[PDB]
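Colleague: sequence-free structure coming up:
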Ligand SMILES: Nc1ncnc2c1ncn2[C@@H]1O[C@H](COP(=O)(O)OP(=O)(O)NP(=O)(O)O)[C@@H](O)[C@H]1O
Ligand SMILES: [Ca+2]
Ligand SMILES: [Mn+2]
Ligand SMILES: [Mn+2]
């Protein structure tokens, strides 16, 4: 009954290779996203490995692997592509929008570059948990519809079970798609991609279209990174092929949500220069946008490209600043705000304070009371009490009740984030065949702004 179309295949010829997934050995479905399946209109019967393991095609699907290129760790890498993933099809929804179904781990393709074409259970689980977590934090992201595991050995640092993730997203367009055809000296294919993107995702733009479009591409990336900074998400691999044109979080690998507040956090152990450290994300995404701008210069006026690039800073800082004010419960903008936040961040960094728990406990603040669960979390309690006294004194300038402010703060400061230790515990149980933890953790991550009475709100063990 579902409606699939071959929009990419037919409108962007010679940008992909058509092929089928390669099923794994004894593949089994271990989790699917019931809520997302409902919003997509997927009959519950389709989950009873089937399409989720690349073993069945639905009417209208026409699987293909896309080509693209990227700058990796700041240097041009040339062609990369869908080396282990396949766009099974584009699902048309009743409101006219369209959603990609991309099977990650689907098998060898022309872009596999001597790799095995496979994904592993631990990484499919992590990507499913982080992407769904990001969605319910309200941050744009690819979504996770299903995981299958299998009996197929896949060789990494150790042998792993081969697994597939069904990833859903409005598009998998990457900055690297544009770079691919620019460096392959195919400027009309770069322009075809741009016009495809505008037709399907910026359709309201009448035919100044490129200036307005690229200004909005910049805005959406600036907004994305501002959101990552506010929640403490470190991506770890901001290569240009992992930058979504639409401003979605894309390609969860060696990511991390902060536990202790560490501005220079390096989540990716292969990032030996810290290029993708947490505090570098805003500079890196501007550099990525600058590389994307270069590809558009054959048909977008340079003044327009630079007007868009110039706006990145203010879009990012306005989003970040307004969001941090919400997190602090600053219900009017005041001059001392920036200094109070710098003081708090300095306190947290020097105390190695937990990021999420600090803001969640701060949401319990009673402006006329010096008591707080935060006091016990600081070794230097006097320094904390001093900041907290000045913070509450400033809160009083808003003239807002504790009830109203706590409601706001609890609506924007999550009680829980997808910490590495939580994902790892889910992985260990799934690997032994027990999916209860994976399901329970997914359920909790759908409700990040509610308090909990279990250990999903707990810091990782010190040892
Ligand atoms: N095991 C693998 N076999 C084949 N190609 C791979 C494999 N792992 C990574 N690649 C390719 O190497 C390039 C860089 O990897 P990466 O940025 O980690 O993408 P990815 O996780 O495979 N997929 P995506 O989430 O779609 O970006 C991309 O072209 C990948 O498709
Ligand atoms: Ca610590
Ligand atoms: Mn990638
Ligand atoms: Mn990856």
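Modeller: Yep, it's here. Numbers count the residues shown, from 1 in each chain. Ligands and ions are numbered 1, 2, ... in the order given.

Colleague: Give me the buried positions along the helix or strand harbouring residue 199.
Modeller: Using DSSP states H and E, residue 199 maps to helix 187-201. Neighbour counts using 16 or more other Cβ atoms under 10 Å place 189-198, 200-201 of helix 187-201 among the buried residues. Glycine gets a C-beta too; all of them are placed from N, C-alpha and C.

Colleague: what's the very next helix or strand once past that helix packed up against?
Modeller: Next helix or strand after helix 187-201 toward the C-terminus (DSSP H and E): helix 209-231. Judged by 3 or more Cβ pairs under 8 Å, 6 or more residues apart in numbering; DSSP states H and E, helix 209-231 is in contact with helix 187-201, helix 281-296, helix 302-310, helix 312-328.

Colleague: Show residues contacting the helix holding residue 199.
Modeller: Residues outside helix 187-201 that contact it (Cβ atoms under 8 Å, 6 or more residues apart in numbering) are 7, 11-12, 14-15, 98, 170-171, 173, 177-178, 181-182, 205, 209-210, 213, 245-246, 295-296, 298-300.

Colleague: and the residue of the stretch 201-350 of the chain found nearest ligand 1, which of the three is it?
Modeller: Closest residue of the stretch 201-350 of the chain to ligand 1, Cβ to the nearest ligand atom: residue 251 (3.5 Å). What DSSP: H, G, I helix; E, B strand; the rest coil gives for residue 251 is coil.

Colleague: Filter the contacts of helix 187-201 down to the buried ones.
Modeller: The buried subset of those - by 16+ other Cβ under 10 Å - is 7, 12, 15, 98, 170-171, 173, 177-178, 181-182, 210, 213, 245-246, 295-296, 300.

Colleague: Which ones among those lie within strands?
Modeller: Mapping the buried ones among the contacts of helix 187-201 onto strands (DSSP state E) picks out residue 98.

Colleague: Surely residue 91 is in a strand?
Modeller: Yes. Assessed by three-state DSSP, residue 91 belongs to a strand.

Colleague: Show the contacting residues for it.
Modeller: So residue 91 contacts 2-4, 40, 98-101, 168 (Cβ under 8 Å, 6+ apart).

Colleague: Bridged to it, which residues?
Modeller: residue 4, residue 99 (DSSP bridges).

Colleague: how close does it get to residue 170?
Modeller: In this view, residue 91 and residue 170 are 10 Å apart by Cβ to Cβ, to the nearest Å.

Colleague: Show me which residues of the stretch 251-400 of the chain are close to ligand 4?
Modeller: Applying Cβ under 5 Å from the ion, one finds that the stretch 251-400 of the chain approaches ligand 4 through 251, 253.

Colleague: go again using 8 Å as the cut-off
Modeller: 251-253 (Cβ under 8 Å from the ion).

Colleague: Among the contacts of residue 91, find the one with the greatest number of neighbours, please.
Modeller: Ranked by neighbour count (other Cβ atoms under 10 Å), the contacts of residue 91 have residue 101 at the top, with 23 neighbours.
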